[PDB]
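**Student:** whatever this is, show me its structure:
(one chain, ligands or ions: 1)
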Amino acid sequence: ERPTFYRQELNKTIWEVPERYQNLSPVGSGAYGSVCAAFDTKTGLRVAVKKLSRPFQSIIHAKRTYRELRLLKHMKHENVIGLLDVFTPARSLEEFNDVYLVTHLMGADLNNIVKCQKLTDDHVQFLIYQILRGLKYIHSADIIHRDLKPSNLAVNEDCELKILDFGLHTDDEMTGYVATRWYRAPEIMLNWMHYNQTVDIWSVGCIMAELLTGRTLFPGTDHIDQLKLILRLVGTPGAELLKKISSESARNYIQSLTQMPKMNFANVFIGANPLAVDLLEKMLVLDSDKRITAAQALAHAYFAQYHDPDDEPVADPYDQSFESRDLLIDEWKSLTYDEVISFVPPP
Ligand SMILES: Cc1ccccc1C(=O)c1c[nH]c(C(=O)NCc2ccco2)c1
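**Tutor:** Numbering: from 1, shown residues only. Take a look at the structure below.
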């Protein structure tokens, strides 16, 4: 039943939230809205409360509000950000106009760790183990992240990690010397083909490299510069991959480059644990069909210390038949409402 809400101006707008949430402090905007840290007095947790920015302004907005909610409602894994609460001050569909999402707030992201302390090989094991464990889960529900990078990894005081912003940039946001593109699989970066979940394993290799060396693995100054950084390391594509690049235009550009062999990763990653080098070669394969999967990677010797086949769970089935559905604003909105109304908090 309905808790009492209180109002306050934050981030230049009125936030109206249940009493349980106290000490709301703006912490900068996230995916499609402003975020505040809060103390949840009912659970004792430090939480992130996101107020969605104009969630039903357009069809595109309405459907992405519905999508984010559906996604967050489905995720129930230690290494994936789940939904602690969702609420609206509206008392009926007629007055439904705002959506607030509540999740765990961790001390920092991986960006802050990568810059602010030295990572032992053990820290790299633990962190990558945790990303692959959440990724096996995500992938098992047939969801793709597409945008895995250190700023989408929430890490706490004890190096416990949660993945954020799965299954959700403008051409301008992908332009130039920008982290928003440094972790992207080449096939998605230059639209070579119909892409799948394997793109995610590529980003994991980029992240792992960077934890090991302290440096961005492919800090391209633009798409072409980055492509060259990638090809230098992994080699130009062979005949078999060229056929799978179904963009004739892109296939043709690729073919204009002088062929290069795959470099020796032991000389690229000097000092690195040999098991880590091996895993990097298995993740950083240009042919996406041949990259190691998350499930397979968890069973790689590098994670012997953490691997436990009985505690690496799969997801319940995720119905995203809505993705290919054409609905009006008021219909995505009604659907969203039903999802808010029927939310049951975690146990
Ligand atoms: C992903 C999400 C869904 C609903 C509400 C908020 C958010 C969100 O952007 C977010 C949730 N947790 C974190 C988080 O823990 N980030 C790590 C962090 C804290 C301070 C700096 O980085 C972000």
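**Student:** then residue 253 would be within a helix, right?
**Tutor:** Yes - with DSSP: H, G, I helix; E, B strand; the rest coil as the criterion, residue 253 is part of a helix.
**Student:** residues touching residue 281, list them.
**Tutor:** Residue 281 sits next to residue 265 when contact means CB atoms under 8 Å, 6 or more residues apart in numbering. (Each C-beta comes from the backbone N, C-alpha and C, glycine too.)
**Student:** now do the buried residues in the helix or strand where it lies.
**Tutor:** Using DSSP states H and E, residue 281 sits in helix 274-283. Neighbour-count burial for helix 274-283, counted by 16 or more other CB atoms under 10 Å, picks out 276, 277, 278, 279, 280, 281, 282, 283.
**Student:** likewise stretch 111-127?
**Tutor:** 113, 114, 119, 124, 125, 126, 127.
**Student:** now do stretch 329-340
**Tutor:** By neighbour count on 16+ other CB under 10 Å, the buried set for stretch 329-340 is 332, 333, 334, 335, 336, 337, 339, 340.
**Student:** a markdown table for those residues, including secondary structure and distance to residue 54?
**Tutor:** A markdown table is the format used below for these (DSSP: H, G, I helix; E, B strand; the rest coil; distance: CB to CB, whole Å):
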| residue | secondary structure | distance to residue 54 |
| --- | --- | --- |
| 332 | helix | 13 |
| 333 | helix | 12 |
| 334 | helix | 17 |
| 335 | helix | 17 |
| 336 | helix | 13 |
| 337 | helix | 16 |
| 339 | helix | 18 |
| 340 | helix | 17 |
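**Student:** and the residues you listed near the ligand, which?
**Tutor:** With CB under 6 Å from any ligand atom as the criterion, the buried residues of stretch 329-340 include none near the ligand.
**Student:** which pair in those spans the largest distance?
**Tutor:** Maximum pairwise distance among the buried residues of stretch 329-340 (CB to CB): 12.7 Å, between 332 and 340.
**Student:** contacting residues for residue 310?
**Tutor:** Taking CB under 8 Å, 6+ apart, one finds nothing in contact with residue 310.
**Student:** which SS class is it?
**Tutor:** helix.
**Student:** need the residue in this structure that's farthest from the chain's center.
**Tutor:** residue 258 (34.2 Å; CA atoms, centre = their mean).
**Student:** is it true that that one lies in a strand?
**Tutor:** No - applying three-state DSSP, one finds residue 258 to be coil, outside a strand.
**Student:** so the residue lying closest to it once chain neighbours are set aside, which state does it fall into?
**Tutor:** Distances taken as CB to CB, 6 or more residues apart in numbering place residue 236 nearest to residue 258, at 7.7 Å, with adjacent residues excluded. Put simply, residue 236 is coil when judged by three-state DSSP.
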